[PDB]
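Starting off, we have a lone chain in the form deposited in one PDB entry, written out as structure tokens.
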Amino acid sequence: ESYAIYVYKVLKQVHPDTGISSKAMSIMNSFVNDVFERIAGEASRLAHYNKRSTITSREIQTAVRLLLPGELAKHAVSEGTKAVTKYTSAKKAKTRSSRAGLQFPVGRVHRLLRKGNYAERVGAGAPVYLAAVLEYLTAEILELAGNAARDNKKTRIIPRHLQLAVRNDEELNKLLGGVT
């Protein structure tokens, strides 16, 4: 699965004038995919303890607290909770983008959770929460990688900028250092 269009949208928010090379985008895609897979796998395991074979935002949140190190978990939980609150708000938004305040599309995350057969059903809040978590991590990595590119006197993020940015951040290194 390719998140490239959404990675690119997030990049334009955090570093409007910075590009990203094809190989750096591939690494970004692998990071998002790896985090999705591990959150979904933990959430699926957690769902067995409930009476209903359903992935809800509660299992996503618990999975995020297990998987994300240190303050990454605190901020991801804040982002996922805020997105679910906004998405379920009584005042309806007029567009999908305005409903959750996100760049990552809820429907794509929903389809990926359903495709993985993580449970019999996927609750309406779970893909919103997970999309917000993936967006938060993507924004964090791209912010740091774009800083590394600028310090390297480059106008595009290349793989060594991503590798340096992840390695030099203790929490991101724990989360991502095993991704190949």
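In case it trips you up, residue 1 is the first one in the sequence shown, and so on. Shifts are known only where both forms have a C-alpha. By rigid core we mean the largest C-alpha set that fits within 1.5 Å across both forms.
Asker: Taking the recorded C-alpha temperature factors, which stretch has the higher mean, 87-95 or 69-77?
Answerer: That would be 87-95.
Asker: Looking only at CA atoms, which has the higher mean B factor in the entry: 45-53 or 122-130?
Answerer: The recorded data point to 45-53.
Asker: Return the residue from 150, 38, 111, 58 that has the highest Cα B-factor in the entry.
Answerer: Comparing C-alpha B-factors across 150, 38, 111, 58, the maximum falls on 150.
Asker: What third of the chain, by the recorded C-alpha B-factor, contains residue 30?
Answerer: Middle third - that is where residue 30 ends up once the chain's C-alpha B-factors are sorted.
One more form of this protein exists, namely the form deposited in another entry; it is left out here, but the text below deals with it.
Asker: Superposing on the rigid core, which residue among 155, 50, 26, 33 shifts its Cα by at least 2 Å between this form and the one not shown?
Answerer: The answer here is 50.
Asker: Once the core is superposed between this form and the one not shown, does residue 74 show a C-alpha displacement of at least 2 Å?
Answerer: It does not, since the residue 74 C-alpha is displaced less than 2 Å between this form and the one not shown after the core fit.
Asker: Would you tell me if residue 98 moves between this form and the one not shown by 2 Å or more at its C-alpha, with the rigid core held superposed?
Answerer: Shift of 2 Å or more: yes.
Asker: Which stretches of at least three consecutive residues shift by 2 Å or more at every Cα between this form and the one not shown, once the core is superposed?
Answerer: Listed in sequence order, the moving runs between this form and the one not shown are 49-52, 90-98.
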